[PDB]
Amino acid sequence: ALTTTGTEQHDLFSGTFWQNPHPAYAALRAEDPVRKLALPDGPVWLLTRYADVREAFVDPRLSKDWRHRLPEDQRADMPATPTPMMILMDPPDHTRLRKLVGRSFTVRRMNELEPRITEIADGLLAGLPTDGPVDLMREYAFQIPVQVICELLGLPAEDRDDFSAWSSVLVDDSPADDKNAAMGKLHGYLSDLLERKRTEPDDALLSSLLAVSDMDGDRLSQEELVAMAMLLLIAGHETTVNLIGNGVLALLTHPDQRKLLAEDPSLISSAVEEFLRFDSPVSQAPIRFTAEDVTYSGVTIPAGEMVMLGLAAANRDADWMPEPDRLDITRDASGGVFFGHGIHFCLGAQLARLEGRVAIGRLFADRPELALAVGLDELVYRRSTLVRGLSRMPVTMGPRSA
Ligand code: HEM
Ligand SMILES: [Ca+2]
Ligand SMILES: [Ca+2]
Ligand SMILES: [Ca+2]
């Protein structure tokens, strides 16, 4: 198994790491900031220092084109992507696709979702028991973002168990063949759904994008259109959930911060920014490929290598954030790499923040006696190189507020 080199040995992507990766991240930052991880499916490098991570995001030698892993005499005949999602592309196709979908995620559009997000959260809360067992992950944190993405896109509620199963396999330590099969089912499902939508459109996003694609296939191809639906669905199932889970947990394990929020509920948006920093939901950005040799902190990563940008690590770098290990919901937030940086910066950043403050804010308002129903040490985390997220969170809700 892998451990940090230097003065302190901490497990890496195994052992104690899943439970609490933060000491390992700190030892990487201090003593091995540009680290090659000899992982089972092949070596992946990891950058953990804030100044390196933030700049890496705008360094074009750090490419999304997986063909950089091939020698040139092998690249000609290969597709640009395994599936034509914009997150797996460089300009110009990235630029074109992002500009197109960005038109549907304008500031005004996402905000007008607040009354509905609030109904959804309020309905979930009303349905939770006072003292019987609750998994706050499956019953609350998971539900909000998934209902929202289904409504935004126009995804049948009756198919929710099929595509949430597919989506989670793609995001965790599943075997590469399992991921391929899940992606296959998700592509076919969404392809068939789009075919049905042509015949009966609705007013939600997938119909709108299908119409753009119908009108102008060079702006958005059919395959690009399915890939976009796939990406938006997976983001709606596997990200915000862990903002909610990690942020709730931060408050449950920090009484002082929970009390400040109780006394000023308007601290919630500042609190959300602090949760995104303190326990980043996307722990490592999806992989980049070195198109040429790059040098960061005195270490050269050769051309052709796979590279993770360590967001959870960088967001606790004391060179950037004083007392990075302290949870302080009152910080005036700025910077941060939890939503990425540059051209691929999170498309759903406004949506995620809104879902987070609504879900966490309304939860603690409604159930001011919420508590964990197990010891902190008993919490099980998912094994993922992409997310920092609880598997389940046993809680006791307590009485509704009067
Ligand atoms: C707290 C929740 C979220 C976190 C922490 C997060 C994190 C990120 C990060 C770090 C990136 C950049 C990855 C990279 O450059 O390699 C990204 C991109 C992206 N995100 Fe988010 N995300 C969240 C929620 C959402 C939501 C709700 C959506 C729904 C629309 C979404 C959709 C996308 C898309 C489509 C991209 C690709 C953007 C592009 O390639 O231009 N995300 N996200
Ligand atoms: Ca119930
Ligand atoms: Ca219409
Ligand atoms: Ca500094």
# chains A, B, ... in the order shown; residues from 1 in each chain; ligands from 1
>>> residues_near_ligand(ligand="ligand 1", cutoff="6 Å", atoms="only C-alpha atoms and all ligand atoms", output="JSON, numbers by chain")
{"A": [86, 87, 98, 231, 232, 235, 236, 239, 240, 243, 281, 282, 285, 286, 338, 339, 340, 343, 344, 345, 346, 347, 348, 349, 351, 352]}
>>> residues_near_ligand(ligand="ligand 4", cutoff="9 Å", atoms="only C-alpha atoms and all ligand atoms", output="mmCIF file with N, CA and C atoms, in the first residue's frame")
data_model
loop_
_atom_site.group_PDB
_atom_site.id
_atom_site.type_symbol
_atom_site.label_atom_id
_atom_site.label_comp_id
_atom_site.auth_asym_id
_atom_site.auth_seq_id
_atom_site.Cartn_x
_atom_site.Cartn_y
_atom_site.Cartn_z
ATOM 1 N N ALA A 51 -0.818 27.178 -4.479
ATOM 2 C CA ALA A 51 -0.266 27.967 -5.605
ATOM 3 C C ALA A 51 -0.026 27.109 -6.835
ATOM 4 N N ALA A 318 -1.828 26.317 4.510
ATOM 5 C CA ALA A 318 -1.592 27.481 5.409
ATOM 6 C C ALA A 318 -0.834 28.609 4.721
ATOM 7 N N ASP A 319 -0.185 28.332 3.588
ATOM 8 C CA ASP A 319 0.414 29.446 2.824
ATOM 9 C C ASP A 319 -0.671 30.303 2.198
ATOM 10 N N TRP A 320 -1.831 29.714 1.968
ATOM 11 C CA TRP A 320 -2.955 30.475 1.417
ATOM 12 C C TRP A 320 -3.977 30.925 2.484
ATOM 13 N N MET A 321 -4.345 30.013 3.386
ATOM 14 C CA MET A 321 -5.388 30.264 4.378
ATOM 15 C C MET A 321 -4.764 30.157 5.766
ATOM 16 N N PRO A 322 -4.762 31.259 6.532
ATOM 17 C CA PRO A 322 -4.247 31.152 7.897
ATOM 18 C C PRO A 322 -5.140 30.233 8.743
#
>>> residues_near_ligand(ligand="ligand 3", cutoff="8 Å", atoms="only C-alpha atoms and all ligand atoms", output="list in words")
residues 201, 202, 203, 207 and 208 of chain A
>>> write_last_selection(atoms="C-alpha atoms", output="PDB file, in the first residue's frame")
ATOM      1  CA  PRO A 201     -41.058  17.941 -25.854  1.00  0.00           C
ATOM      2  CA  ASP A 202     -41.309  19.579 -22.427  1.00  0.00           C
ATOM      3  CA  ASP A 203     -40.086  22.890 -21.083  1.00  0.00           C
ATOM      4  CA  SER A 207     -35.773  19.336 -24.765  1.00  0.00           C
ATOM      5  CA  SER A 208     -34.299  22.803 -25.179  1.00  0.00           C
TER       6      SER A 208
END
>>> residues_around(residues="residue 104 in chain A", least_positions_apart="5", cutoff="10 Å", atoms="only C-alpha atoms", output="number ranges by chain")
A: 99, 109-110, 205, 208-209
>>> select_by_dssp(residues="range 194-285 of chain A", states="helix (DSSP H, G or I)", output="PDB file with N, CA and C atoms, in the first residue's frame")
ATOM      1  N   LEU A 194     -34.067  10.929 -25.146  1.00  0.00           N
ATOM      2  CA  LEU A 194     -34.062  12.039 -26.091  1.00  0.00           C
ATOM      3  C   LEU A 194     -34.967  11.769 -27.308  1.00  0.00           C
ATOM      4  N   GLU A 195     -34.909  10.543 -27.844  1.00  0.00           N
ATOM      5  CA  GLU A 195     -35.804  10.087 -28.928  1.00  0.00           C
ATOM      6  C   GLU A 195     -37.275  10.293 -28.577  1.00  0.00           C
ATOM      7  N   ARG A 196     -37.682   9.860 -27.375  1.00  0.00           N
ATOM      8  CA  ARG A 196     -39.038  10.125 -26.863  1.00  0.00           C
ATOM      9  C   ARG A 196     -39.390  11.619 -26.753  1.00  0.00           C
ATOM     10  N   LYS A 197     -38.430  12.416 -26.285  1.00  0.00           N
ATOM     11  CA  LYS A 197     -38.586  13.856 -26.122  1.00  0.00           C
ATOM     12  C   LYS A 197     -38.840  14.601 -27.441  1.00  0.00           C
ATOM     13  N   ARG A 198     -38.155  14.209 -28.519  1.00  0.00           N
ATOM     14  CA  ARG A 198     -38.453  14.747 -29.866  1.00  0.00           C
ATOM     15  C   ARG A 198     -39.980  14.735 -30.171  1.00  0.00           C
ATOM     16  N   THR A 199     -40.586  13.553 -30.022  1.00  0.00           N
ATOM     17  CA  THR A 199     -42.021  13.324 -30.194  1.00  0.00           C
ATOM     18  C   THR A 199     -42.875  14.084 -29.181  1.00  0.00           C
ATOM     19  N   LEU A 205     -34.546  21.389 -19.628  1.00  0.00           N
ATOM     20  CA  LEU A 205     -33.312  21.628 -20.353  1.00  0.00           C
ATOM     21  C   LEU A 205     -32.998  20.666 -21.520  1.00  0.00           C
ATOM     22  N   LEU A 206     -33.252  19.377 -21.343  1.00  0.00           N
ATOM     23  CA  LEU A 206     -32.897  18.402 -22.371  1.00  0.00           C
ATOM     24  C   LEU A 206     -33.687  18.613 -23.685  1.00  0.00           C
ATOM     25  N   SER A 207     -34.981  18.948 -23.592  1.00  0.00           N
ATOM     26  CA  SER A 207     -35.773  19.336 -24.765  1.00  0.00           C
ATOM     27  C   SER A 207     -35.217  20.576 -25.430  1.00  0.00           C
ATOM     28  N   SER A 208     -34.897  21.599 -24.632  1.00  0.00           N
ATOM     29  CA  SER A 208     -34.299  22.803 -25.179  1.00  0.00           C
ATOM     30  C   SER A 208     -32.997  22.520 -25.924  1.00  0.00           C
ATOM     31  N   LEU A 209     -32.122  21.719 -25.321  1.00  0.00           N
ATOM     32  CA  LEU A 209     -30.855  21.395 -25.983  1.00  0.00           C
ATOM     33  C   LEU A 209     -31.053  20.514 -27.229  1.00  0.00           C
ATOM     34  N   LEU A 210     -32.085  19.677 -27.208  1.00  0.00           N
ATOM     35  CA  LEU A 210     -32.378  18.790 -28.335  1.00  0.00           C
ATOM     36  C   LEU A 210     -32.827  19.634 -29.527  1.00  0.00           C
ATOM     37  N   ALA A 211     -33.557  20.713 -29.239  1.00  0.00           N
ATOM     38  CA  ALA A 211     -34.032  21.649 -30.250  1.00  0.00           C
ATOM     39  C   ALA A 211     -32.884  22.446 -30.878  1.00  0.00           C
ATOM     40  N   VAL A 212     -31.970  22.980 -30.048  1.00  0.00           N
ATOM     41  CA  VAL A 212     -30.706  23.558 -30.526  1.00  0.00           C
ATOM     42  C   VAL A 212     -29.941  22.589 -31.458  1.00  0.00           C
ATOM     43  N   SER A 213     -29.864  21.331 -31.046  1.00  0.00           N
ATOM     44  CA  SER A 213     -29.130  20.310 -31.784  1.00  0.00           C
ATOM     45  C   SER A 213     -29.798  20.008 -33.153  1.00  0.00           C
ATOM     46  N   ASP A 214     -31.131  19.905 -33.140  1.00  0.00           N
ATOM     47  CA  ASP A 214     -31.970  19.780 -34.331  1.00  0.00           C
ATOM     48  C   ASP A 214     -31.825  20.953 -35.317  1.00  0.00           C
ATOM     49  N   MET A 215     -31.798  22.171 -34.771  1.00  0.00           N
ATOM     50  CA  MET A 215     -31.647  23.368 -35.556  1.00  0.00           C
ATOM     51  C   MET A 215     -30.239  23.585 -36.106  1.00  0.00           C
ATOM     52  N   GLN A 222     -25.671  15.205 -31.960  1.00  0.00           N
ATOM     53  CA  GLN A 222     -26.522  14.278 -31.221  1.00  0.00           C
ATOM     54  C   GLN A 222     -25.764  13.566 -30.115  1.00  0.00           C
ATOM     55  N   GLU A 223     -24.596  13.037 -30.469  1.00  0.00           N
ATOM     56  CA  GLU A 223     -23.673  12.407 -29.542  1.00  0.00           C
ATOM     57  C   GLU A 223     -23.180  13.384 -28.443  1.00  0.00           C
ATOM     58  N   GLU A 224     -22.820  14.607 -28.826  1.00  0.00           N
ATOM     59  CA  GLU A 224     -22.467  15.664 -27.857  1.00  0.00           C
ATOM     60  C   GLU A 224     -23.614  15.975 -26.899  1.00  0.00           C
ATOM     61  N   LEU A 225     -24.824  15.928 -27.448  1.00  0.00           N
ATOM     62  CA  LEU A 225     -26.034  16.180 -26.713  1.00  0.00           C
ATOM     63  C   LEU A 225     -26.304  15.097 -25.644  1.00  0.00           C
ATOM     64  N   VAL A 226     -26.148  13.831 -26.015  1.00  0.00           N
ATOM     65  CA  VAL A 226     -26.273  12.727 -25.046  1.00  0.00           C
ATOM     66  C   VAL A 226     -25.172  12.803 -23.968  1.00  0.00           C
ATOM     67  N   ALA A 227     -23.953  13.132 -24.400  1.00  0.00           N
ATOM     68  CA  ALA A 227     -22.829  13.222 -23.491  1.00  0.00           C
ATOM     69  C   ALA A 227     -23.061  14.352 -22.486  1.00  0.00           C
ATOM     70  N   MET A 228     -23.664  15.450 -22.946  1.00  0.00           N
ATOM     71  CA  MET A 228     -23.950  16.572 -22.072  1.00  0.00           C
ATOM     72  C   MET A 228     -24.978  16.218 -21.000  1.00  0.00           C
ATOM     73  N   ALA A 229     -26.029  15.508 -21.422  1.00  0.00           N
ATOM     74  CA  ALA A 229     -27.042  15.020 -20.519  1.00  0.00           C
ATOM     75  C   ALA A 229     -26.410  14.114 -19.470  1.00  0.00           C
ATOM     76  N   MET A 230     -25.519  13.235 -19.902  1.00  0.00           N
ATOM     77  CA  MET A 230     -24.832  12.289 -18.997  1.00  0.00           C
ATOM     78  C   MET A 230     -24.022  13.041 -17.922  1.00  0.00           C
ATOM     79  N   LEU A 231     -23.220  14.018 -18.361  1.00  0.00           N
ATOM     80  CA  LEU A 231     -22.409  14.834 -17.482  1.00  0.00           C
ATOM     81  C   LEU A 231     -23.261  15.600 -16.448  1.00  0.00           C
ATOM     82  N   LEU A 232     -24.345  16.228 -16.904  1.00  0.00           N
ATOM     83  CA  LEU A 232     -25.199  17.030 -16.024  1.00  0.00           C
ATOM     84  C   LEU A 232     -25.923  16.159 -15.011  1.00  0.00           C
ATOM     85  N   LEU A 233     -26.296  14.957 -15.432  1.00  0.00           N
ATOM     86  CA  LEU A 233     -26.948  13.990 -14.552  1.00  0.00           C
ATOM     87  C   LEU A 233     -25.986  13.533 -13.445  1.00  0.00           C
ATOM     88  N   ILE A 234     -24.779  13.104 -13.827  1.00  0.00           N
ATOM     89  CA  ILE A 234     -23.746  12.639 -12.886  1.00  0.00           C
ATOM     90  C   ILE A 234     -23.353  13.735 -11.878  1.00  0.00           C
ATOM     91  N   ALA A 235     -23.133  14.961 -12.359  1.00  0.00           N
ATOM     92  CA  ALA A 235     -22.934  16.135 -11.477  1.00  0.00           C
ATOM     93  C   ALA A 235     -24.107  16.383 -10.527  1.00  0.00           C
ATOM     94  N   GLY A 236     -25.332  16.177 -11.005  1.00  0.00           N
ATOM     95  CA  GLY A 236     -26.511  16.317 -10.140  1.00  0.00           C
ATOM     96  C   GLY A 236     -26.709  15.220  -9.102  1.00  0.00           C
ATOM     97  N   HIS A 237     -25.966  14.121  -9.196  1.00  0.00           N
ATOM     98  CA  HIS A 237     -26.104  12.996  -8.261  1.00  0.00           C
ATOM     99  C   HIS A 237     -24.938  12.900  -7.283  1.00  0.00           C
ATOM    100  N   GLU A 238     -23.759  13.395  -7.669  1.00  0.00           N
ATOM    101  CA  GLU A 238     -22.494  12.991  -6.991  1.00  0.00           C
ATOM    102  C   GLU A 238     -21.641  14.108  -6.381  1.00  0.00           C
ATOM    103  N   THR A 240     -23.098  17.879  -4.923  1.00  0.00           N
ATOM    104  CA  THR A 240     -23.778  18.666  -3.916  1.00  0.00           C
ATOM    105  C   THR A 240     -24.179  17.820  -2.730  1.00  0.00           C
ATOM    106  N   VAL A 241     -24.489  16.546  -2.962  1.00  0.00           N
ATOM    107  CA  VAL A 241     -24.819  15.639  -1.889  1.00  0.00           C
ATOM    108  C   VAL A 241     -23.781  15.706  -0.744  1.00  0.00           C
ATOM    109  N   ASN A 242     -22.513  15.877  -1.132  1.00  0.00           N
ATOM    110  CA  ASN A 242     -21.402  15.798  -0.191  1.00  0.00           C
ATOM    111  C   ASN A 242     -20.998  17.123   0.382  1.00  0.00           C
ATOM    112  N   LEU A 243     -21.369  18.206  -0.297  1.00  0.00           N
ATOM    113  CA  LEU A 243     -21.438  19.485   0.371  1.00  0.00           C
ATOM    114  C   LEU A 243     -22.411  19.434   1.574  1.00  0.00           C
ATOM    115  N   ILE A 244     -23.602  18.896   1.348  1.00  0.00           N
ATOM    116  CA  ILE A 244     -24.619  18.782   2.389  1.00  0.00           C
ATOM    117  C   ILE A 244     -24.121  17.849   3.498  1.00  0.00           C
ATOM    118  N   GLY A 245     -23.655  16.652   3.142  1.00  0.00           N
ATOM    119  CA  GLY A 245     -23.173  15.693   4.113  1.00  0.00           C
ATOM    120  C   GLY A 245     -21.975  16.186   4.909  1.00  0.00           C
ATOM    121  N   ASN A 246     -20.941  16.670   4.196  1.00  0.00           N
ATOM    122  CA  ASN A 246     -19.743  17.238   4.849  1.00  0.00           C
ATOM    123  C   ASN A 246     -19.998  18.493   5.667  1.00  0.00           C
ATOM    124  N   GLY A 247     -20.873  19.374   5.176  1.00  0.00           N
ATOM    125  CA  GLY A 247     -21.213  20.602   5.888  1.00  0.00           C
ATOM    126  C   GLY A 247     -22.057  20.347   7.128  1.00  0.00           C
ATOM    127  N   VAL A 248     -23.120  19.568   7.006  1.00  0.00           N
ATOM    128  CA  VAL A 248     -23.830  19.079   8.209  1.00  0.00           C
ATOM    129  C   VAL A 248     -22.888  18.446   9.242  1.00  0.00           C
ATOM    130  N   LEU A 249     -22.021  17.511   8.815  1.00  0.00           N
ATOM    131  CA  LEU A 249     -21.071  16.877   9.725  1.00  0.00           C
ATOM    132  C   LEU A 249     -20.142  17.892  10.422  1.00  0.00           C
ATOM    133  N   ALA A 250     -19.576  18.836   9.663  1.00  0.00           N
ATOM    134  CA  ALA A 250     -18.774  19.930  10.254  1.00  0.00           C
ATOM    135  C   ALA A 250     -19.501  20.661  11.412  1.00  0.00           C
ATOM    136  N   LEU A 251     -20.789  20.966  11.223  1.00  0.00           N
ATOM    137  CA  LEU A 251     -21.566  21.623  12.276  1.00  0.00           C
ATOM    138  C   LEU A 251     -21.837  20.711  13.478  1.00  0.00           C
ATOM    139  N   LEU A 252     -22.072  19.420  13.198  1.00  0.00           N
ATOM    140  CA  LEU A 252     -22.338  18.423  14.239  1.00  0.00           C
ATOM    141  C   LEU A 252     -21.112  18.101  15.105  1.00  0.00           C
ATOM    142  N   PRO A 255     -19.627  22.350  17.833  1.00  0.00           N
ATOM    143  CA  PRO A 255     -20.687  23.074  18.606  1.00  0.00           C
ATOM    144  C   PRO A 255     -20.636  24.580  18.551  1.00  0.00           C
ATOM    145  N   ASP A 256     -19.428  25.135  18.632  1.00  0.00           N
ATOM    146  CA  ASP A 256     -19.237  26.562  18.593  1.00  0.00           C
ATOM    147  C   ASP A 256     -19.738  27.162  17.277  1.00  0.00           C
ATOM    148  N   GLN A 257     -19.465  26.476  16.178  1.00  0.00           N
ATOM    149  CA  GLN A 257     -19.811  27.004  14.842  1.00  0.00           C
ATOM    150  C   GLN A 257     -21.313  26.813  14.613  1.00  0.00           C
ATOM    151  N   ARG A 258     -21.837  25.685  15.060  1.00  0.00           N
ATOM    152  CA  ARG A 258     -23.261  25.409  15.038  1.00  0.00           C
ATOM    153  C   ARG A 258     -24.039  26.490  15.830  1.00  0.00           C
ATOM    154  N   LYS A 259     -23.513  26.864  16.990  1.00  0.00           N
ATOM    155  CA  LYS A 259     -24.118  27.913  17.798  1.00  0.00           C
ATOM    156  C   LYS A 259     -24.091  29.296  17.120  1.00  0.00           C
ATOM    157  N   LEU A 260     -22.973  29.692  16.499  1.00  0.00           N
ATOM    158  CA  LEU A 260     -22.957  30.933  15.713  1.00  0.00           C
ATOM    159  C   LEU A 260     -24.039  30.988  14.602  1.00  0.00           C
ATOM    160  N   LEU A 261     -24.195  29.882  13.869  1.00  0.00           N
ATOM    161  CA  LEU A 261     -25.240  29.766  12.849  1.00  0.00           C
ATOM    162  C   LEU A 261     -26.654  29.844  13.493  1.00  0.00           C
ATOM    163  N   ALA A 262     -26.866  29.120  14.598  1.00  0.00           N
ATOM    164  CA  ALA A 262     -28.147  29.180  15.294  1.00  0.00           C
ATOM    165  C   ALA A 262     -28.528  30.622  15.645  1.00  0.00           C
ATOM    166  N   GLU A 263     -27.531  31.409  16.069  1.00  0.00           N
ATOM    167  CA  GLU A 263     -27.729  32.783  16.535  1.00  0.00           C
ATOM    168  C   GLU A 263     -27.786  33.814  15.430  1.00  0.00           C
ATOM    169  N   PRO A 265     -28.747  32.906  11.556  1.00  0.00           N
ATOM    170  CA  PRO A 265     -28.983  32.024  10.404  1.00  0.00           C
ATOM    171  C   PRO A 265     -28.518  32.644   9.058  1.00  0.00           C
ATOM    172  N   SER A 266     -28.296  33.952   9.009  1.00  0.00           N
ATOM    173  CA  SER A 266     -27.816  34.566   7.776  1.00  0.00           C
ATOM    174  C   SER A 266     -26.322  34.306   7.481  1.00  0.00           C
ATOM    175  N   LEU A 267     -25.616  33.678   8.426  1.00  0.00           N
ATOM    176  CA  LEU A 267     -24.245  33.241   8.177  1.00  0.00           C
ATOM    177  C   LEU A 267     -24.160  32.031   7.221  1.00  0.00           C
ATOM    178  N   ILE A 268     -25.297  31.450   6.827  1.00  0.00           N
ATOM    179  CA  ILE A 268     -25.328  30.198   6.049  1.00  0.00           C
ATOM    180  C   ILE A 268     -24.552  30.232   4.716  1.00  0.00           C
ATOM    181  N   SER A 269     -24.663  31.325   3.939  1.00  0.00           N
ATOM    182  CA  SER A 269     -23.903  31.368   2.685  1.00  0.00           C
ATOM    183  C   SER A 269     -22.373  31.473   2.904  1.00  0.00           C
ATOM    184  N   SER A 270     -21.943  32.222   3.930  1.00  0.00           N
ATOM    185  CA  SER A 270     -20.539  32.264   4.345  1.00  0.00           C
ATOM    186  C   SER A 270     -20.093  30.907   4.890  1.00  0.00           C
ATOM    187  N   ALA A 271     -20.989  30.254   5.629  1.00  0.00           N
ATOM    188  CA  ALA A 271     -20.802  28.901   6.140  1.00  0.00           C
ATOM    189  C   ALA A 271     -20.584  27.859   5.026  1.00  0.00           C
ATOM    190  N   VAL A 272     -21.440  27.880   4.008  1.00  0.00           N
ATOM    191  CA  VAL A 272     -21.283  27.042   2.806  1.00  0.00           C
ATOM    192  C   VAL A 272     -19.919  27.195   2.135  1.00  0.00           C
ATOM    193  N   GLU A 273     -19.440  28.430   1.965  1.00  0.00           N
ATOM    194  CA  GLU A 273     -18.114  28.684   1.391  1.00  0.00           C
ATOM    195  C   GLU A 273     -17.054  28.021   2.280  1.00  0.00           C
ATOM    196  N   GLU A 274     -17.240  28.136   3.592  1.00  0.00           N
ATOM    197  CA  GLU A 274     -16.307  27.507   4.545  1.00  0.00           C
ATOM    198  C   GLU A 274     -16.376  25.990   4.513  1.00  0.00           C
ATOM    199  N   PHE A 275     -17.581  25.402   4.400  1.00  0.00           N
ATOM    200  CA  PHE A 275     -17.680  23.950   4.221  1.00  0.00           C
ATOM    201  C   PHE A 275     -16.995  23.463   2.932  1.00  0.00           C
ATOM    202  N   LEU A 276     -17.168  24.198   1.828  1.00  0.00           N
ATOM    203  CA  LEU A 276     -16.532  23.830   0.560  1.00  0.00           C
ATOM    204  C   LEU A 276     -15.004  23.797   0.710  1.00  0.00           C
ATOM    205  N   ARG A 277     -14.463  24.793   1.418  1.00  0.00           N
ATOM    206  CA  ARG A 277     -13.006  24.861   1.757  1.00  0.00           C
ATOM    207  C   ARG A 277     -12.549  23.785   2.752  1.00  0.00           C
ATOM    208  N   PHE A 278     -13.250  23.667   3.885  1.00  0.00           N
ATOM    209  CA  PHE A 278     -12.798  22.818   5.028  1.00  0.00           C
ATOM    210  C   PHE A 278     -12.785  21.320   4.732  1.00  0.00           C
TER     211      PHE A 278
END
>>> atom_distance(atom1="atom 1 (Ca, counted along the ligand's line) of ligand 2", atom2="CA of residue 151 in chain A")
22.0 Å
>>> atom_distance(atom1="CA of residue 298 in chain A", atom2="CA of residue 88 in chain A")
27.9 Å
>>> residues_near_ligand(ligand="ligand 2", cutoff="10 Å", atoms="only C-alpha atoms and all ligand atoms", output="list in words")
residues 124, 125, 126, 127, 128, 129, 130, 132, 134 and 139 of chain A
>>> write_last_selection(atoms="C-alpha atoms", output="mmCIF file, in the first residue's frame")
data_model
loop_
_atom_site.group_PDB
_atom_site.id
_atom_site.type_symbol
_atom_site.label_atom_id
_atom_site.label_comp_id
_atom_site.auth_asym_id
_atom_site.auth_seq_id
_atom_site.Cartn_x
_atom_site.Cartn_y
_atom_site.Cartn_z
ATOM 1 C CA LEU A 124 -38.283 16.042 2.964
ATOM 2 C CA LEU A 125 -37.923 17.543 6.482
ATOM 3 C CA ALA A 126 -41.681 17.236 7.194
ATOM 4 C CA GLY A 127 -41.417 13.533 6.215
ATOM 5 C CA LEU A 128 -38.540 12.655 8.609
ATOM 6 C CA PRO A 129 -39.264 10.940 11.979
ATOM 7 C CA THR A 130 -38.563 12.502 15.433
ATOM 8 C CA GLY A 132 -36.482 6.533 14.759
ATOM 9 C CA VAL A 134 -32.389 8.203 9.877
ATOM 10 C CA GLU A 139 -32.968 10.378 3.037
#
>>> atom_distance(atom1="CA of residue 312 in chain A", atom2="CA of residue 67 in chain A")
27.4 Å
>>> residues_around(residues="residue 290 in chain A", least_positions_apart="6", cutoff="8 Å", atoms="only C-alpha atoms", output="list in words")
residues 61, 62, 63, 68, 69, 301, 302, 303, 304, 305, 306 and 307 of chain A
>>> write_last_selection(atoms="N, CA, C and O atoms", output="CSV table (one decimal), in the first residue's frame")
chain,number,residue,atom,x,y,z
A,61,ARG,N,-0.6,22.9,-20.9
A,61,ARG,CA,0.2,21.7,-21.0
A,61,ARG,C,-0.4,20.6,-20.1
A,61,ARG,O,-0.2,19.4,-20.3
A,62,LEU,N,-1.3,21.1,-19.2
A,62,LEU,CA,-2.2,20.1,-18.4
A,62,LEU,C,-3.5,20.0,-19.1
A,62,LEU,O,-4.5,20.7,-18.7
A,63,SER,N,-3.6,19.1,-20.0
A,63,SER,CA,-4.7,18.9,-21.0
A,63,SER,C,-5.8,17.9,-20.6
A,63,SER,O,-5.5,17.1,-19.7
A,68,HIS,N,-2.8,12.3,-25.2
A,68,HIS,CA,-1.4,12.6,-24.8
A,68,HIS,C,-0.6,11.5,-24.0
A,68,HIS,O,0.6,11.5,-23.9
A,69,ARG,N,-1.4,10.6,-23.5
A,69,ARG,CA,-0.9,9.4,-22.9
A,69,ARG,C,-0.2,8.4,-24.0
A,69,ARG,O,0.7,7.6,-23.7
A,301,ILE,N,7.1,16.6,-14.1
A,301,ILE,CA,6.2,15.5,-14.5
A,301,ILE,C,6.4,15.3,-16.0
A,301,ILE,O,6.1,16.3,-16.7
A,302,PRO,N,6.9,14.2,-16.5
A,302,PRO,CA,7.1,14.0,-18.0
A,302,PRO,C,5.8,14.1,-18.8
A,302,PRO,O,4.7,13.9,-18.3
A,303,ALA,N,6.0,14.4,-20.1
A,303,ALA,CA,4.9,14.3,-21.0
A,303,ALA,C,4.2,12.9,-20.9
A,303,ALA,O,4.9,11.9,-20.7
A,304,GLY,N,2.9,12.8,-21.1
A,304,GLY,CA,2.2,11.5,-21.2
A,304,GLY,C,1.6,11.0,-19.9
A,304,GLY,O,1.1,9.8,-19.9
A,305,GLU,N,1.7,11.8,-18.8
A,305,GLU,CA,1.4,11.3,-17.5
A,305,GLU,C,0.0,11.8,-17.1
A,305,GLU,O,-0.6,12.8,-17.6
A,306,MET,N,-0.7,11.1,-16.1
A,306,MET,CA,-2.0,11.4,-15.6
A,306,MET,C,-1.8,12.2,-14.3
A,306,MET,O,-0.9,11.9,-13.5
A,307,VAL,N,-2.6,13.3,-14.2
A,307,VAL,CA,-2.4,14.3,-13.1
A,307,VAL,C,-3.7,14.7,-12.4
A,307,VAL,O,-4.6,15.3,-13.0
>>> residues_around(residues="residue 314 in chain A", least_positions_apart="5", cutoff="9 Å", atoms="only C-alpha atoms", output="list in words")
residues 25, 29, 47, 48, 49, 50, 51, 52, 53, 54, 277, 309, 320, 336, 337 and 338 of chain A
>>> residues_around(residues="residue 32 in chain A", least_positions_apart="4", cutoff="10 Å", atoms="only C-alpha atoms", output="VMD selection string")
chain A and resid 4 to 6 25 to 28 36 46 to 49 297 299
>>> select_by_dssp(residues="range 239-321 of chain A", states="strand (DSSP E or B)", output="PyMOL selection string")
chain A and resi 282+284+288-290+294-296+299-301+306-310
